[PDB]
Each structure stands twice: as C-alpha cells, then as structure tokens.
$ cat my_file25.csv   # CSV, N, CA and C atoms
chain,number,residue,atom,x,y,z
P,1,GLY,N,-0.4,43.0,-14.3
P,1,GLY,CA,-1.1,41.7,-14.5
P,1,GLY,C,-2.0,41.3,-13.4
P,2,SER,N,-1.8,40.1,-12.9
P,2,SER,CA,-2.6,39.6,-11.8
P,2,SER,C,-1.7,38.8,-10.8
P,3,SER,N,-2.0,38.9,-9.6
P,3,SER,CA,-1.2,38.2,-8.5
P,3,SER,C,-2.0,38.1,-7.3
P,4,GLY,N,-2.0,36.8,-6.8
P,4,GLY,CA,-2.8,36.5,-5.6
P,4,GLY,C,-2.1,35.3,-4.8
P,5,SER,N,-2.9,34.7,-3.9
P,5,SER,CA,-2.5,33.6,-3.1
P,5,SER,C,-3.7,32.9,-2.6
P,6,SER,N,-4.5,33.6,-1.8
P,6,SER,CA,-5.6,33.0,-1.1
P,6,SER,C,-5.2,31.9,-0.2
P,7,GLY,N,-5.3,32.1,1.1
P,7,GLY,CA,-5.0,31.1,2.1
P,7,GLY,C,-5.7,31.4,3.4
P,8,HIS,N,-6.7,30.6,3.6
P,8,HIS,CA,-7.5,30.7,4.9
P,8,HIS,C,-7.2,29.5,5.8
P,9,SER,N,-7.1,29.8,7.1
P,9,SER,CA,-6.8,28.8,8.1
P,9,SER,C,-8.1,27.9,8.3
P,10,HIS,N,-7.8,26.7,8.6
P,10,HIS,CA,-8.8,25.7,8.8
P,10,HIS,C,-9.0,25.4,10.3
P,11,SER,N,-10.2,25.2,10.7
P,11,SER,CA,-10.5,24.9,12.1
P,11,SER,C,-10.0,23.6,12.5
P,12,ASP,N,-10.3,23.1,13.7
P,12,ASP,CA,-9.9,21.9,14.2
P,12,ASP,C,-8.4,21.7,14.0
P,13,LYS,N,-7.6,22.4,14.8
P,13,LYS,CA,-6.1,22.3,14.7
P,13,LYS,C,-5.5,21.6,15.9
P,14,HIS,N,-5.8,20.3,16.0
P,14,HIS,CA,-5.3,19.5,17.1
P,14,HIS,C,-5.7,18.1,16.9
P,15,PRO,N,-4.7,17.2,16.8
P,15,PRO,CA,-5.0,15.8,16.6
P,15,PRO,C,-5.4,15.1,17.9
P,16,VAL,N,-4.8,15.5,19.0
P,16,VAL,CA,-5.1,14.9,20.3
P,16,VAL,C,-5.9,16.0,21.1
P,17,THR,N,-7.0,15.5,21.7
P,17,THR,CA,-7.9,16.4,22.5
P,17,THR,C,-8.5,15.7,23.6
P,18,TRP,N,-8.3,16.2,24.8
P,18,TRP,CA,-8.9,15.5,26.0
P,18,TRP,C,-9.9,16.5,26.6
P,19,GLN,N,-11.2,16.2,26.5
P,19,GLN,CA,-12.2,17.1,27.0
P,19,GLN,C,-13.2,16.3,27.8
P,20,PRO,N,-13.8,16.9,28.8
P,20,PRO,CA,-14.8,16.2,29.7
P,20,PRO,C,-16.2,16.1,28.9
P,21,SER,N,-17.0,15.2,29.4
P,21,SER,CA,-18.3,14.9,28.8
P,21,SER,C,-19.3,16.0,29.2
P,22,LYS,N,-20.5,15.9,28.7
P,22,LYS,CA,-21.5,16.9,29.1
P,22,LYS,C,-21.6,17.1,30.6
P,23,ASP,N,-21.5,16.0,31.3
P,23,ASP,CA,-21.6,16.0,32.7
P,23,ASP,C,-20.2,16.6,33.3
P,24,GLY,N,-19.2,15.8,33.0
P,24,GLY,CA,-17.9,16.2,33.5
P,24,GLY,C,-17.2,15.0,34.2
P,25,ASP,N,-18.0,14.2,34.9
P,25,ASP,CA,-17.4,13.1,35.7
P,25,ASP,C,-16.7,12.2,34.7
P,26,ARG,N,-17.0,12.3,33.4
P,26,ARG,CA,-16.3,11.5,32.4
P,26,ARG,C,-15.4,12.4,31.5
P,27,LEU,N,-14.4,11.8,31.0
P,27,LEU,CA,-13.4,12.5,30.2
P,27,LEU,C,-13.4,11.8,28.8
P,28,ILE,N,-13.7,12.6,27.8
P,28,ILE,CA,-13.7,12.1,26.4
P,28,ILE,C,-12.3,12.5,25.8
P,29,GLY,N,-11.5,11.5,25.6
P,29,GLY,CA,-10.2,11.8,24.9
P,29,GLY,C,-10.2,11.4,23.4
P,30,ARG,N,-9.8,12.4,22.6
P,30,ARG,CA,-9.8,12.2,21.2
P,30,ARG,C,-8.4,12.1,20.7
P,31,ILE,N,-8.0,11.0,20.1
P,31,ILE,CA,-6.6,10.8,19.6
P,31,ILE,C,-6.7,10.7,18.0
P,32,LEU,N,-5.6,11.2,17.4
P,32,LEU,CA,-5.6,11.1,16.0
P,32,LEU,C,-4.2,10.7,15.5
P,33,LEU,N,-4.1,10.0,14.4
P,33,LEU,CA,-2.8,9.5,13.9
P,33,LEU,C,-2.8,9.7,12.4
P,34,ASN,N,-1.6,10.0,11.9
P,34,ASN,CA,-1.5,10.2,10.5
P,34,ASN,C,-0.4,9.3,9.9
P,35,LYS,N,-0.4,9.2,8.6
P,35,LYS,CA,0.6,8.3,8.0
P,35,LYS,C,1.3,9.0,6.8
P,36,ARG,N,0.4,9.7,6.0
P,36,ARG,CA,0.9,10.4,4.8
P,36,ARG,C,2.3,11.1,5.2
P,37,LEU,N,3.3,10.5,4.6
P,37,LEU,CA,4.7,11.1,4.8
P,37,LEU,C,4.6,12.6,4.6
P,38,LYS,N,5.8,13.2,4.9
P,38,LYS,CA,5.9,14.6,4.8
P,38,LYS,C,5.3,15.1,3.5
P,39,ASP,N,5.8,14.4,2.4
P,39,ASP,CA,5.3,14.7,1.1
P,39,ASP,C,3.8,14.7,1.0
P,40,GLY,N,3.2,13.8,1.8
P,40,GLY,CA,1.8,13.7,1.9
P,40,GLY,C,1.3,12.4,1.2
P,41,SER,N,2.1,11.4,1.3
P,41,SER,CA,1.8,10.1,0.8
P,41,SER,C,2.1,9.0,1.8
P,42,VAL,N,1.1,8.1,2.0
P,42,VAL,CA,1.2,7.0,2.9
P,42,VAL,C,2.2,6.0,2.4
P,43,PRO,N,3.1,5.5,3.3
P,43,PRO,CA,4.1,4.5,3.0
P,43,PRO,C,3.5,3.2,2.8
P,44,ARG,N,4.4,2.2,2.5
P,44,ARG,CA,3.9,0.8,2.3
P,44,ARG,C,3.2,0.3,3.6
P,45,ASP,N,3.6,0.9,4.7
P,45,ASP,CA,3.0,0.5,6.0
P,45,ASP,C,3.8,1.1,7.1
P,46,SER,N,3.3,2.1,7.8
P,46,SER,CA,4.0,2.7,8.9
P,46,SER,C,3.3,2.3,10.2
P,47,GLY,N,3.1,1.0,10.3
P,47,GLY,CA,2.5,0.4,11.5
P,47,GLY,C,1.0,0.4,11.4
P,48,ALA,N,0.6,-0.7,10.8
P,48,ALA,CA,-0.9,-0.9,10.6
P,48,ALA,C,-1.6,-0.8,12.0
P,49,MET,N,-1.0,-1.2,13.0
P,49,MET,CA,-1.5,-1.1,14.4
P,49,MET,C,-1.1,0.2,15.0
P,50,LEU,N,-0.5,1.0,14.2
P,50,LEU,CA,0.0,2.3,14.8
P,50,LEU,C,1.2,2.1,15.7
P,51,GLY,N,0.9,1.4,16.8
P,51,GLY,CA,1.9,1.1,17.7
P,51,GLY,C,1.3,0.5,19.0
P,52,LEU,N,0.1,0.9,19.3
P,52,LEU,CA,-0.6,0.4,20.5
P,52,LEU,C,-1.5,-0.8,20.1
P,53,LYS,N,-1.7,-1.7,21.0
P,53,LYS,CA,-2.6,-2.9,20.8
P,53,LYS,C,-3.9,-2.6,21.4
P,54,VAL,N,-5.0,-3.0,20.7
P,54,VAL,CA,-6.3,-2.8,21.1
P,54,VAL,C,-7.0,-4.1,21.2
P,55,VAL,N,-7.7,-4.4,22.3
P,55,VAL,CA,-8.4,-5.7,22.4
P,55,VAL,C,-9.9,-5.4,22.6
P,56,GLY,N,-10.7,-5.8,21.6
P,56,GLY,CA,-12.1,-5.6,21.7
P,56,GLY,C,-12.9,-6.9,22.1
P,57,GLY,N,-14.2,-6.8,22.0
P,57,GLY,CA,-15.0,-7.9,22.3
P,57,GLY,C,-14.7,-8.4,23.8
P,58,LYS,N,-14.1,-7.5,24.5
P,58,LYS,CA,-13.7,-7.9,25.9
P,58,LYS,C,-15.0,-7.8,26.7
P,59,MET,N,-15.2,-8.9,27.5
P,59,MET,CA,-16.4,-9.0,28.3
P,59,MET,C,-16.2,-8.3,29.6
P,60,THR,N,-17.0,-7.3,29.8
P,60,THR,CA,-17.0,-6.5,31.1
P,60,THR,C,-17.7,-7.2,32.2
P,61,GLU,N,-18.0,-6.4,33.3
P,61,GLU,CA,-18.7,-6.9,34.4
P,61,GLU,C,-20.2,-6.6,34.3
P,62,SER,N,-20.5,-5.9,33.2
P,62,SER,CA,-21.9,-5.5,32.9
P,62,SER,C,-22.5,-6.4,31.9
P,63,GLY,N,-21.6,-7.3,31.4
P,63,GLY,CA,-22.1,-8.3,30.3
P,63,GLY,C,-22.0,-7.6,29.0
P,64,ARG,N,-21.4,-6.4,28.9
P,64,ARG,CA,-21.3,-5.7,27.7
P,64,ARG,C,-19.8,-5.8,27.2
P,65,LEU,N,-19.7,-5.4,25.9
P,65,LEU,CA,-18.4,-5.5,25.3
P,65,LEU,C,-17.8,-4.1,25.1
P,66,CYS,N,-16.5,-4.0,25.2
P,66,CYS,CA,-15.8,-2.7,25.1
P,66,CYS,C,-14.3,-3.0,24.8
P,67,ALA,N,-13.7,-2.1,24.0
P,67,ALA,CA,-12.4,-2.2,23.6
P,67,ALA,C,-11.5,-1.4,24.5
P,68,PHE,N,-10.4,-2.0,25.0
P,68,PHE,CA,-9.5,-1.3,25.9
P,68,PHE,C,-8.0,-1.5,25.4
P,69,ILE,N,-7.2,-0.5,25.7
P,69,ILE,CA,-5.8,-0.6,25.3
P,69,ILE,C,-5.1,-1.6,26.2
P,70,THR,N,-4.4,-2.6,25.6
P,70,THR,CA,-3.7,-3.6,26.3
P,70,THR,C,-2.3,-3.2,26.5
P,71,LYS,N,-1.7,-2.7,25.4
P,71,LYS,CA,-0.3,-2.2,25.5
P,71,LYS,C,-0.1,-1.1,24.5
P,72,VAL,N,0.9,-0.2,24.8
P,72,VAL,CA,1.2,0.9,23.9
P,72,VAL,C,2.7,0.9,23.7
P,73,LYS,N,3.1,0.8,22.4
P,73,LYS,CA,4.5,0.8,22.0
P,73,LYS,C,5.1,2.1,22.5
P,74,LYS,N,6.4,2.0,22.9
P,74,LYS,CA,7.1,3.2,23.3
P,74,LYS,C,7.9,3.8,22.2
P,75,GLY,N,7.3,4.9,21.6
P,75,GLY,CA,8.0,5.6,20.5
P,75,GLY,C,7.3,5.3,19.2
P,76,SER,N,6.0,5.3,19.3
P,76,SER,CA,5.1,5.0,18.1
P,76,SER,C,4.0,6.0,18.0
P,77,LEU,N,3.3,5.9,16.9
P,77,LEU,CA,2.2,6.8,16.6
P,77,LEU,C,1.4,6.9,17.9
P,78,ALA,N,0.7,5.8,18.2
P,78,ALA,CA,-0.2,5.8,19.4
P,78,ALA,C,0.7,5.8,20.7
P,79,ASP,N,1.4,6.9,20.9
P,79,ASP,CA,2.3,7.0,22.0
P,79,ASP,C,3.0,8.3,22.0
P,80,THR,N,3.6,8.6,20.8
P,80,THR,CA,4.3,9.9,20.7
P,80,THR,C,3.3,11.0,20.3
P,81,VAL,N,2.3,10.6,19.4
P,81,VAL,CA,1.4,11.6,19.0
P,81,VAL,C,0.0,11.3,19.7
P,82,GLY,N,-0.3,10.1,19.9
P,82,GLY,CA,-1.5,9.7,20.5
P,82,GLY,C,-1.3,9.8,22.1
P,83,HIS,N,-0.2,9.3,22.5
P,83,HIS,CA,0.1,9.3,24.0
P,83,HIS,C,-0.8,8.3,24.7
P,84,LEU,N,-1.4,7.4,23.9
P,84,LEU,CA,-2.3,6.4,24.4
P,84,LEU,C,-1.5,5.6,25.4
P,85,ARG,N,-2.3,4.8,26.2
P,85,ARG,CA,-1.7,4.0,27.2
P,85,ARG,C,-2.6,2.8,27.5
P,86,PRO,N,-2.0,1.7,28.2
P,86,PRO,CA,-2.8,0.6,28.5
P,86,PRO,C,-3.7,0.8,29.7
P,87,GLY,N,-5.0,0.7,29.5
P,87,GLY,CA,-6.0,1.0,30.5
P,87,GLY,C,-7.1,1.9,30.0
P,88,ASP,N,-6.9,2.4,28.8
P,88,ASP,CA,-7.9,3.3,28.3
P,88,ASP,C,-8.9,2.4,27.5
P,89,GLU,N,-10.0,3.1,27.2
P,89,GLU,CA,-11.1,2.4,26.5
P,89,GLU,C,-11.4,3.1,25.2
P,90,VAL,N,-11.1,2.5,24.1
P,90,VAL,CA,-11.4,3.1,22.7
P,90,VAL,C,-12.9,3.0,22.4
P,91,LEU,N,-13.5,4.1,22.6
P,91,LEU,CA,-14.9,4.3,22.4
P,91,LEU,C,-15.2,4.1,20.9
P,92,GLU,N,-14.6,5.0,20.1
P,92,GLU,CA,-14.8,4.9,18.6
P,92,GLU,C,-13.4,4.8,18.0
P,93,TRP,N,-13.4,4.5,16.7
P,93,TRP,CA,-12.2,4.4,15.9
P,93,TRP,C,-12.5,4.8,14.5
P,94,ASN,N,-12.0,6.0,14.2
P,94,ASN,CA,-12.2,6.6,12.9
P,94,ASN,C,-13.7,6.8,12.6
P,95,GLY,N,-14.5,6.8,13.7
P,95,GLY,CA,-15.9,6.9,13.6
P,95,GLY,C,-16.6,5.6,13.9
P,96,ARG,N,-15.8,4.6,14.0
P,96,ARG,CA,-16.4,3.2,14.3
P,96,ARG,C,-16.5,3.0,15.8
P,97,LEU,N,-17.7,2.9,16.3
P,97,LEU,CA,-18.0,2.6,17.7
P,97,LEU,C,-17.5,1.2,18.0
P,98,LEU,N,-16.8,1.1,19.1
P,98,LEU,CA,-16.3,-0.2,19.5
P,98,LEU,C,-17.1,-0.7,20.7
P,99,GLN,N,-17.9,0.3,21.3
P,99,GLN,CA,-18.7,-0.1,22.4
P,99,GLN,C,-19.7,-1.2,22.0
P,100,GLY,N,-19.5,-2.4,22.5
P,100,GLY,CA,-20.3,-3.5,22.2
P,100,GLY,C,-19.7,-4.4,21.0
P,101,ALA,N,-19.0,-3.7,20.2
P,101,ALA,CA,-18.4,-4.4,19.0
P,101,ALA,C,-17.6,-5.6,19.6
P,102,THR,N,-17.7,-6.6,18.8
P,102,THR,CA,-17.0,-7.9,19.1
P,102,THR,C,-15.5,-7.8,18.9
P,103,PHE,N,-14.8,-8.8,19.3
P,103,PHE,CA,-13.3,-8.8,19.2
P,103,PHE,C,-12.9,-8.7,17.7
P,104,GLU,N,-13.7,-9.3,16.9
P,104,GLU,CA,-13.5,-9.2,15.4
P,104,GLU,C,-13.9,-7.8,14.9
P,105,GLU,N,-15.1,-7.4,15.3
P,105,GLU,CA,-15.6,-6.1,14.8
P,105,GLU,C,-14.5,-5.0,15.0
P,106,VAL,N,-14.0,-4.9,16.3
P,106,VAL,CA,-13.0,-4.0,16.6
P,106,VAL,C,-11.8,-4.1,15.7
P,107,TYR,N,-11.3,-5.4,15.6
P,107,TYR,CA,-10.2,-5.7,14.7
P,107,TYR,C,-10.5,-5.3,13.3
P,108,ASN,N,-11.6,-5.7,12.8
P,108,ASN,CA,-12.1,-5.3,11.4
P,108,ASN,C,-11.8,-3.9,11.2
P,109,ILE,N,-12.4,-3.0,12.0
P,109,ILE,CA,-12.3,-1.6,11.9
P,109,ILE,C,-10.8,-1.3,11.6
P,110,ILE,N,-10.0,-1.3,12.6
P,110,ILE,CA,-8.5,-1.0,12.4
P,110,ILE,C,-8.1,-1.6,11.1
P,111,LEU,N,-8.7,-2.7,10.7
P,111,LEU,CA,-8.4,-3.3,9.4
P,111,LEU,C,-8.8,-2.4,8.3
P,112,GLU,N,-10.2,-2.2,8.2
P,112,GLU,CA,-10.8,-1.4,7.2
P,112,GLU,C,-10.1,0.0,7.2
P,113,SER,N,-9.5,0.3,8.3
P,113,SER,CA,-8.8,1.6,8.5
P,113,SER,C,-7.3,1.5,8.7
P,114,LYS,N,-6.8,0.3,8.2
P,114,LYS,CA,-5.4,0.0,8.3
P,114,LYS,C,-4.6,0.8,7.3
P,115,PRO,N,-5.1,0.8,6.0
P,115,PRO,CA,-4.5,1.5,4.9
P,115,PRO,C,-4.8,3.0,5.0
P,116,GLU,N,-5.8,3.3,5.7
P,116,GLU,CA,-6.2,4.7,5.9
P,116,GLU,C,-5.0,5.6,6.1
P,117,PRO,N,-5.1,6.8,5.7
P,117,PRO,CA,-4.0,7.8,5.9
P,117,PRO,C,-3.9,8.2,7.3
P,118,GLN,N,-5.0,8.4,7.9
P,118,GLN,CA,-5.0,8.9,9.3
P,118,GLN,C,-5.9,7.9,10.2
P,119,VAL,N,-5.8,8.1,11.5
P,119,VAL,CA,-6.6,7.3,12.4
P,119,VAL,C,-7.1,8.1,13.6
P,120,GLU,N,-8.4,8.4,13.6
P,120,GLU,CA,-8.9,9.2,14.7
P,120,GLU,C,-9.6,8.3,15.8
P,121,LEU,N,-9.0,8.1,16.9
P,121,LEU,CA,-9.5,7.3,18.0
P,121,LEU,C,-10.3,8.2,18.9
P,122,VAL,N,-11.1,7.5,19.8
P,122,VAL,CA,-12.0,8.2,20.7
P,122,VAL,C,-12.1,7.4,22.0
P,123,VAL,N,-11.5,7.8,23.1
P,123,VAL,CA,-11.5,7.1,24.3
P,123,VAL,C,-12.4,7.9,25.3
P,124,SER,N,-12.8,7.2,26.4
P,124,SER,CA,-13.6,7.8,27.4
P,124,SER,C,-13.4,7.2,28.7
P,125,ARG,N,-12.8,8.0,29.6
P,125,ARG,CA,-12.5,7.5,31.0
P,125,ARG,C,-13.3,8.2,32.0
P,126,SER,N,-13.5,7.5,33.1
P,126,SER,CA,-14.3,8.1,34.2
P,126,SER,C,-13.4,8.8,35.2
P,127,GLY,N,-13.6,10.1,35.2
P,127,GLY,CA,-12.8,11.0,36.1
P,127,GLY,C,-13.2,10.8,37.5
P,128,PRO,N,-12.8,11.8,38.4
P,128,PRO,CA,-13.2,11.7,39.8
P,128,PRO,C,-14.6,12.1,40.0
P,129,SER,N,-15.3,11.2,40.7
P,129,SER,CA,-16.7,11.4,41.0
P,129,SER,C,-17.2,10.3,42.0
P,130,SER,N,-16.9,10.5,43.3
P,130,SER,CA,-17.3,9.6,44.3
P,130,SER,C,-18.7,10.0,44.9
P,131,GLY,N,-18.7,11.2,45.4
P,131,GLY,CA,-19.9,11.7,46.0
P,131,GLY,C,-19.9,13.2,46.1
$ encode --input "my_file25.csv" --output "structure tokens"
Amino acid sequence: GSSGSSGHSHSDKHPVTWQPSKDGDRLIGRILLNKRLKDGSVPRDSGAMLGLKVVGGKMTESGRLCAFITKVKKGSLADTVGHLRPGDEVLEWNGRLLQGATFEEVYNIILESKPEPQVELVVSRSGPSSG
C-alpha cells in the first residue's frame, strides 16, 4: 500500500535569546512566552501579565519614553522562561515597539496581546563600553 510521515525541523528553536547589537556595546535580549497548554490550548488566563510588571510612558533623562521592568514575579513565565528582571528595558512587545510609547500604549499592547497564545518581548541593554 502506502506509508509515510513527513517531518521536517523548523528553524528558530529558542524562545529566549540574548545577542549583541550590530555594534556590540549593546545587548539585544529576546524573550518569548507561551500559554497554549500542553495540549496546545490557552487556558482561561495563565497570567495576563505573564508574571513581570512593565511600566511604560516612563520619562527618561532624554525627554523620551521607554518601558522598563519594574518587578518580576519569582516562578512565573517572565522569570522561569523569560528570566526577565527589574531594570531591563522592553524595546518591543510581540512586535510592538515600546520605545516612545506612552504608559497606556505599552499597557494597551500587553492588552491586545493578553489573550495571545505567546508573547515575544524584546529588550536592549547597554553592555560594557567606557572607552
């Protein structure tokens, strides 16, 4: 008769990824979070906020806005899988740039991506670079 299977591996096999920028002085950290239970279905709510708190519309010293991690729950998505921590800057969120985004804008995102199955964050920290 006939028998097959067909199964090819997919690229991008890593939720969390920390890589330097084009220059290097900067570090681009990419975090990802899922919800879809083992079966592959999102529950009624497995932490809309994942676990870590993000505060956007924060006024910097440059007069610009940026979202930064205020606190990170111990033993939650954004901690166990994300490993996020308080002091990081969420550049993007699921593709939503927070840079400049207002306090609401940032919140809105997480909102529009609250029911989402997964959550791909993007942080960027300034590594060592004095002189």
$ closest_atom_pairs --input "my_file25.csv" --of "stretch 1-36 of chain P" --to "stretch 120-123 of chain P" --cutoff "6.5 Å" --atoms "all atoms listed in the file" --output "JSON lines"
{"residue": "P:27", "atom": "C", "partner": "P:123", "partner_atom": "C", "distance": 5.3}
{"residue": "P:28", "atom": "CA", "partner": "P:123", "partner_atom": "C", "distance": 4.5}
{"residue": "P:29", "atom": "N", "partner": "P:123", "partner_atom": "C", "distance": 3.7}
{"residue": "P:30", "atom": "CA", "partner": "P:122", "partner_atom": "CA", "distance": 4.6}
{"residue": "P:31", "atom": "C", "partner": "P:121", "partner_atom": "N", "distance": 3.6}
{"residue": "P:32", "atom": "CA", "partner": "P:120", "partner_atom": "CA", "distance": 4.0}
{"residue": "P:33", "atom": "N", "partner": "P:120", "partner_atom": "N", "distance": 4.7}
$ closest_residue --input "my_file25.csv" --among "P:117, P:105, P:5, P:67" --to "residue P:91" --atoms "all atoms listed in the file"
P:67
$ residues_around --input "my_file25.csv" --residues "residue P:88" --least-positions-apart "3" --cutoff "6 Å" --atoms "only N, CA and C atoms" --output "PyMOL selection string"
chain P and resi 67-69+85
$ closest_residue --input "my_file25.csv" --among "P:108, P:102, P:97, P:84" --to "residue P:18" --atoms "only C-alpha atoms"
P:84
$ atom_distance --input "my_file25.csv" --atom1 "atom N of residue P:114" --atom2 "atom CA of residue P:60"
26.0 Å
$ select_by_dssp --input "my_file25.csv" --residues "stretch 31-119 of chain P" --states "helix (DSSP H, G or I)" --output "ChimeraX atom specification"
/P:77-81,103-112
$ closest_residue --input "my_file25.csv" --among "P:15, P:100, P:1, P:7" --to "residue P:81" --atoms "all atoms listed in the file"
P:15
$ closest_residue --input "my_file25.csv" --among "P:66, P:42, P:77, P:109" --to "residue P:16" --atoms "only C-alpha atoms"
P:77
$ closest_residue --input "my_file25.csv" --among "P:58, P:38, P:96, P:26" --to "residue P:129" --atoms "all atoms listed in the file"
P:26
$ residues_near_point --input "my_file25.csv" --point "(-0.7, 1.6, 14.1)" --cutoff "9 Å" --atoms "only C-alpha atoms" --output "ChimeraX atom specification"
/P:33,45-53,76-78,110,114,119
$ atom_distance --input "my_file25.csv" --atom1 "atom N of residue P:44" --atom2 "atom C of residue P:13"
25.6 Å
$ closest_residue --input "my_file25.csv" --among "P:118, P:87, P:57, P:43" --to "residue P:71" --atoms "only C-alpha atoms"
P:87
$ axis_aligned_box --input "my_file25.csv" --around "stretch 59-67 of chain P" --padding-each-side "5 Å" --output "JSON"
{"center_x": -17.0, "center_y": -5.2, "center_z": 29.0, "size_x": 21.0, "size_y": 17.6, "size_z": 20.8}
$ decode --input "my_file25.csv" --residues "stretch 29-109 of chain P" --atoms "C-alpha atoms" --output "CSV table (one decimal), in the first residue's frame"
chain,number,residue,atom,x,y,z
P,29,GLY,CA,17.7,40.3,24.5
P,30,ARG,CA,14.7,38.5,23.0
P,31,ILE,CA,12.3,36.8,25.4
P,32,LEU,CA,9.3,34.7,24.5
P,33,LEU,CA,6.4,33.3,26.5
P,34,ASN,CA,3.7,30.7,25.7
P,35,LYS,CA,0.3,29.9,27.1
P,36,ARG,CA,-1.2,27.1,25.0
P,37,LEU,CA,-1.3,24.3,27.5
P,38,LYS,CA,0.5,21.1,26.7
P,39,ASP,CA,-2.5,20.0,24.6
P,40,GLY,CA,-1.9,23.3,22.7
P,41,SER,CA,-4.8,25.4,24.0
P,42,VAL,CA,-4.6,28.6,26.0
P,43,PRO,CA,-6.3,28.5,29.4
P,44,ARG,CA,-8.9,30.9,30.8
P,45,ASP,CA,-5.9,33.0,31.8
P,46,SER,CA,-2.4,31.9,32.7
P,47,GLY,CA,-1.2,35.3,33.9
P,48,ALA,CA,-2.3,38.1,31.6
P,49,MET,CA,0.8,40.0,32.8
P,50,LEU,CA,2.8,36.8,32.4
P,51,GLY,CA,4.4,37.5,35.8
P,52,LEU,CA,6.6,40.5,35.4
P,53,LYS,CA,5.3,44.1,35.6
P,54,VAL,CA,6.1,46.5,32.9
P,55,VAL,CA,5.9,50.3,33.2
P,56,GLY,CA,5.8,52.3,30.0
P,57,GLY,CA,5.5,56.0,29.2
P,58,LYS,CA,8.3,56.4,31.7
P,59,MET,CA,10.0,59.8,31.3
P,60,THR,CA,13.7,59.3,30.8
P,61,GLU,CA,16.5,61.9,31.2
P,62,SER,CA,16.5,62.5,27.4
P,63,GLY,CA,12.8,63.5,27.5
P,64,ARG,CA,11.9,60.3,25.7
P,65,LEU,CA,9.7,57.5,26.7
P,66,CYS,CA,10.7,53.9,27.3
P,67,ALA,CA,9.3,50.8,29.0
P,68,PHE,CA,11.3,49.2,31.8
P,69,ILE,CA,10.7,46.2,34.0
P,70,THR,CA,9.6,47.3,37.5
P,71,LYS,CA,9.3,43.8,39.1
P,72,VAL,CA,9.4,40.2,38.0
P,73,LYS,CA,7.4,37.5,39.8
P,74,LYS,CA,9.5,34.7,41.1
P,75,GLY,CA,8.3,31.5,39.5
P,76,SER,CA,6.4,32.8,36.5
P,77,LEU,CA,6.5,33.0,32.8
P,78,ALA,CA,8.6,36.1,32.7
P,79,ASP,CA,11.1,34.7,35.1
P,80,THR,CA,11.3,30.9,34.6
P,81,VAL,CA,11.2,31.0,30.8
P,82,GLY,CA,11.8,34.7,30.3
P,83,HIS,CA,14.2,35.1,33.2
P,84,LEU,CA,13.3,38.8,32.9
P,85,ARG,CA,14.3,41.1,35.8
P,86,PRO,CA,13.6,44.6,37.1
P,87,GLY,CA,15.9,47.0,35.4
P,88,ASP,CA,15.5,45.9,31.8
P,89,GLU,CA,14.0,47.9,29.0
P,90,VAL,CA,11.3,46.3,26.9
P,91,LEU,CA,12.1,47.6,23.4
P,92,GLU,CA,9.3,45.7,21.6
P,93,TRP,CA,6.4,43.5,22.7
P,94,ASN,CA,5.2,40.9,20.3
P,95,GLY,CA,6.4,43.3,17.6
P,96,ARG,CA,5.0,46.4,19.3
P,97,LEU,CA,7.7,49.0,19.9
P,98,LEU,CA,7.5,50.5,23.3
P,99,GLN,CA,10.2,53.0,22.6
P,100,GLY,CA,8.4,56.3,23.0
P,101,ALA,CA,5.1,54.5,23.5
P,102,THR,CA,3.1,56.1,26.3
P,103,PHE,CA,2.2,54.5,29.6
P,104,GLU,CA,-1.2,53.5,28.0
P,105,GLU,CA,0.3,52.5,24.7
P,106,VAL,CA,2.6,50.0,26.4
P,107,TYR,CA,-0.3,48.7,28.5
P,108,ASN,CA,-2.6,48.5,25.5
P,109,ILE,CA,-0.1,46.2,23.8
